[PDB]
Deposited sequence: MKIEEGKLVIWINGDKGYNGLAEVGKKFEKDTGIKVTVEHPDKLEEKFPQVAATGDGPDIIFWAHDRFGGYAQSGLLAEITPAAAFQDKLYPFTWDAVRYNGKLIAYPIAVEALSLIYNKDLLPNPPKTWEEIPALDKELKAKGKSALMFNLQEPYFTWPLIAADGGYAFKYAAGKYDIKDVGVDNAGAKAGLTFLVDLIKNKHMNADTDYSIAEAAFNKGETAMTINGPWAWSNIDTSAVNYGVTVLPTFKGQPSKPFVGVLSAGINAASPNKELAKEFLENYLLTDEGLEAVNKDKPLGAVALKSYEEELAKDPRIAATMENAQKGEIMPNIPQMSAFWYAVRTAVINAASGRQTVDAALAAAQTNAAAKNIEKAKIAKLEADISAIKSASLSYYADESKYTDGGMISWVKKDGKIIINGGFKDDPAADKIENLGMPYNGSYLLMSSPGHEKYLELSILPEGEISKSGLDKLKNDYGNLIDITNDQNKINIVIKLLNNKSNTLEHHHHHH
């Protein structure tokens, strides 16, 4: 497994490993424990594999959104920072490294999209999205465009869509509700419509991707663009007088970009959790520690309050932090994968005019939430089946039969359950259909529960019921009233 008495650290190759190695030198100097900083490739997928076998690095640096999945697999240890140390970091950064109720990583850096503008073409960037059309008409008269940014990835268009109410997953009490997606709400409809209106009025092109927008801004063809700190170096080699500021507002509300928090997690299988904690809290997450890493590679905005005030001297870094505070922490749950494809398809379909804004977002809401909504409905259906079996078994232990009276029927009328003018002996009934229990007086091995669910169940849903009860289910009548029968006894 992992050798005791040392620290193995994984970080991406674009992060400051030479400066991080210097922090390890000062740590070895003061403690005698050697620290090796390696930056191998494909570590975001190498870690969950290798750590499942109880191996890997002691500390892993990566964006916070993948750590929630790691925590679900039990690959990350719970960190124990004192309240005194937590106050050294911005409070909202601690929310990016939370799964369930526990802290599972140290926040390091903070990144978000910002508005990048050409100071020669536009010395005063606009504060609102609504004034960009008139700015484009004024700039097109001189052969320039107002704004070009990547429309192919929902990461870049989401700040406008979410500004008026859109959200990925509802965050309630440290937990994300994977059944609640805010893609088809009124706010997302307003944001996407304004984006589509910009395209239909020839202010932007629906085929604009990352490379086309970056090339146009670097050659001084467009006055503005939307990008993150990773693109600054390509603008510096272009030498165009550019600035970085807060994203424009939409309907009086700020744009809400997804916030990415570079985080350091401790391997649950590491025998050096105290060493990792000591290194991260009192060596890396200091003014000297972050400066050494930043001298090797700029971190952008950082979660440490004391050092962020120093980095904020760069107005580009100050703008990145400002847009991040006004944005939404990117959910760290693996259900975001279905969110990305759903929104990506909706934006592309609406931008090219293949669907209406309502039809694109209605499909995306389905593409992002329907499978998780059905998973809950199926589990509640199985909860009723186990409850009916439990109550039927409790009748045997005290009486001498199952149903007693021949048949029992549950049918859901208008909000309540009824047993039809005759009581026998709380079931949510997620599909509002009908339950019916079959048993003839005699024997001890003949219980048959038949269900007539209302609504509809996908093929992936019915197959979930075939993977749980084996051959104990015979699904008939796939048209009109579907029928599910289960033998509650083995």
Self-check item: Deposited-sequence ranges lacking C-alpha coordinates, in sequence order
Solution: 1, 427 to 434, 500 to 512
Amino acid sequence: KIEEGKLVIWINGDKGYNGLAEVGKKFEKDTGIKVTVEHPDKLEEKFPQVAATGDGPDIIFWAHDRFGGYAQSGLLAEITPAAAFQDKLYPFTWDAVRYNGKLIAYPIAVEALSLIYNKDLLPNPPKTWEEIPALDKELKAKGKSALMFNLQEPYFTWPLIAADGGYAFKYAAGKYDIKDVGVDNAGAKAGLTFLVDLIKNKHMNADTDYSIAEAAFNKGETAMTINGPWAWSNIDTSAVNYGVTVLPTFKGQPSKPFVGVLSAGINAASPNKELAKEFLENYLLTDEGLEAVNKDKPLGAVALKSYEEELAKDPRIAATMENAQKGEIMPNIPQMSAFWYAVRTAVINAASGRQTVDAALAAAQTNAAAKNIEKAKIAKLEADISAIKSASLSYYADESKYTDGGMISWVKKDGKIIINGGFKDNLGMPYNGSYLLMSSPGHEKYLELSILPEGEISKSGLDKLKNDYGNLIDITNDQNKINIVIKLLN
From here on, numbers count along this sequence of modelled residues.
Quiz item: Per the PDB record, is the mean Cα temperature factor higher over 64 to 72 or over 460 to 468?
Solution: 460 to 468
Quiz prompt | 196 to 204 versus 164 to 172 - greater average Cα B-factor per the deposited record | solution = 164 to 172
Quiz prompt | Maximum C-alpha temperature factor, selected from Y395, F217, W129, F279 | solution = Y395
Quiz item: Where does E111 sit by CA temperature factor within its chain: lowest, middle or highest third?
Solution: lowest
Quiz prompt | Chain-relative CA temperature factor third for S211 | solution = middle
Quiz prompt | Chain third (lowest, middle, highest) by recorded CA B-factor, residue given as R354 | solution = middle
Exercise. Determine, from the deposited record, the chain-internal third of the Cα B-factor for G143: lowest, middle or highest.
Key: middle
Exercise. Sorting the chain's modelled residues by C-alpha B-factor, tell me whether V181 ends up in the lowest, middle or highest third.
Key: middle
